[PDB]
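In structure tokens, the next block holds one chain alone, the form deposited in one PDB entry.
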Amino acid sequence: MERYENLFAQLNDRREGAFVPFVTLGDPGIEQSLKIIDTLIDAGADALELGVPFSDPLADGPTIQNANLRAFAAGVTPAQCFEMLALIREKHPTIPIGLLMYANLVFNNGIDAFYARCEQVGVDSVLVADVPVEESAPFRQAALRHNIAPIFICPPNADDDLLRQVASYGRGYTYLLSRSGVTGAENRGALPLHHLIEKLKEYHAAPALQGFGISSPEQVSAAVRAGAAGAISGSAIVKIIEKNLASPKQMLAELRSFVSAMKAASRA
């Protein structure tokens, strides 16, 4: 499919940025997670980034560490995640769905088989957090064989060689890291380096989404103004889940309010 390409074309037509929330699949349980995701979409999410619970999420700060732990407490497995993904796609045909994976979960049962399952359930992209471009070959090849976009990370200090590699090898979107370190709303990143955004465009990279530490509308607006196609927010969303575990109704209300505000910031 061409879900990201179609989304970006439509957003471009409207002089609009993308707002893309991240959540952990099955946090705090399968049924609530499904309702969370439907709420994010109804409130204006343009695409989703969805984490499969992993025992050792070494690119994630405490907020998302705790999301993984909550999903495990609910007995969430990769198999159940794929079941969830199939249902999400069945409800929502056009929204781009990206997975946030760690390498072992992709490699476990065979790399090719992993990407084939992604294709079967209608996933659009996979970002494997602990696979740098240097190690990416079997992952990106399997992704492309199964019509999945492999997502690559462009760090703030990316040199020319890395920009060219990320531009050539990636599809769907280019992940523009706002800063070093791990995920977390407590740590704000920088303005998208204009130099990086411009070089990526020069090299015909997939459109850039800025992520890490994006927790406020002002940051979404700034990302788009700097020339990114949009922004990803994870910890700020997951914190609302964490805060409202005891009240599913208040949880959904606050998620809706937050996503609405963040999406509003992306509009022309």
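Residues that one form lacks are left out of the comparison. Residue numbers run from 1 along the displayed sequence. Rigid core here is just the name for the largest C-alpha set that superposes within 1.5 Å across the two forms.
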{"property": "Other entries lacking residue 186, at least a third", "result": "yes"}
{"property": "Per the entry, higher mean C-alpha B factor between 41-49 and 197-205", "result": "197-205"}
{"property": "Comparing 155-163 with 104-112, the one whose average Cα B-factor in the PDB entry is higher", "result": "155-163"}
{"property": "Highest recorded Cα temperature factor - choice among 181, 192, 138, 172", "result": "192"}
{"property": "Modelled-residue ranking by C-alpha temperature factor, third containing residue 71", "result": "middle"}
{"property": "Chain-relative CA temperature factor third for residue 248", "result": "highest"}
{"property": "Modelled-residue ranking by C-alpha temperature factor, third containing residue 234", "result": "lowest"}
{"property": "Residue 126 - which third its CA temperature factor falls in, relative to the rest of the chain", "result": "lowest"}
{"property": "Ranked C-alpha temperature factor of residue 211 among modelled chain residues, by third", "result": "lowest"}
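Not pictured, yet referred to below: the form deposited in another entry.
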{"item": "Conformational change between this form and the one not shown, one of 149, 166, 71, 106, C-alpha moving 2 Å or more after core fit", "value": "106"}
{"item": "Threshold 2 Å Cα movement between this form and the one not shown for residue 49, core superposed", "value": "no"}
{"item": "Exceeds or equals 2 Å, Cα of residue 27 between this form and the one not shown, core fit", "value": "no"}
{"item": "Direction of C-alpha distance change in the other entry, residue 156 to residue 56 (at least 3 Å)", "value": "closer"}
{"item": "Sequence-ordered runs, three or more residues, C-alpha shift 2 Å or more between this form and the one not shown, rigid core", "value": "55-60, 106-108, 189-192"}
